[PDB]
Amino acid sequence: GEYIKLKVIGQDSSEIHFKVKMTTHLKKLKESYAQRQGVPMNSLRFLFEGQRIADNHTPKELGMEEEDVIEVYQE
């Protein structure tokens, strides 16, 4: 499978793209971003189209596509 490219947007409206494959557990994405923002992953909620992204959600389960957006808010 190919990597798809998602855009993760933070509270400050800054921008980080992540590449994942369609069956990758998005907790790996959460961890990396939380680590890059210098905050505990559990202090954050990651939303796809307003819907909460579970640790074991995959882009396939959520119906994600290239250039889809993940929004990060405070928990």
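From 1 onward, residues are counted along the sequence shown.
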**OP:** Looking at the entry's B-factor column for C-alpha atoms only, identify whether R36 ranks in the lowest, middle or highest third of its chain.
**Re:** lowest
**OP:** Looking at the entry's B-factor column for C-alpha atoms only, identify whether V20 ranks in the lowest, middle or highest third of its chain.
**Re:** lowest
Original post:
In terms of the chain's CA B-factor thirds, is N56 lowest, middle or highest?
Top reply: middle
Original post:
Sorting the chain's CA B-factors, does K28 end up in the lowest, middle or highest third?
Top reply: highest
Subject >> Third assignment of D68 from its chain's C-alpha B-factors >> reply: lowest
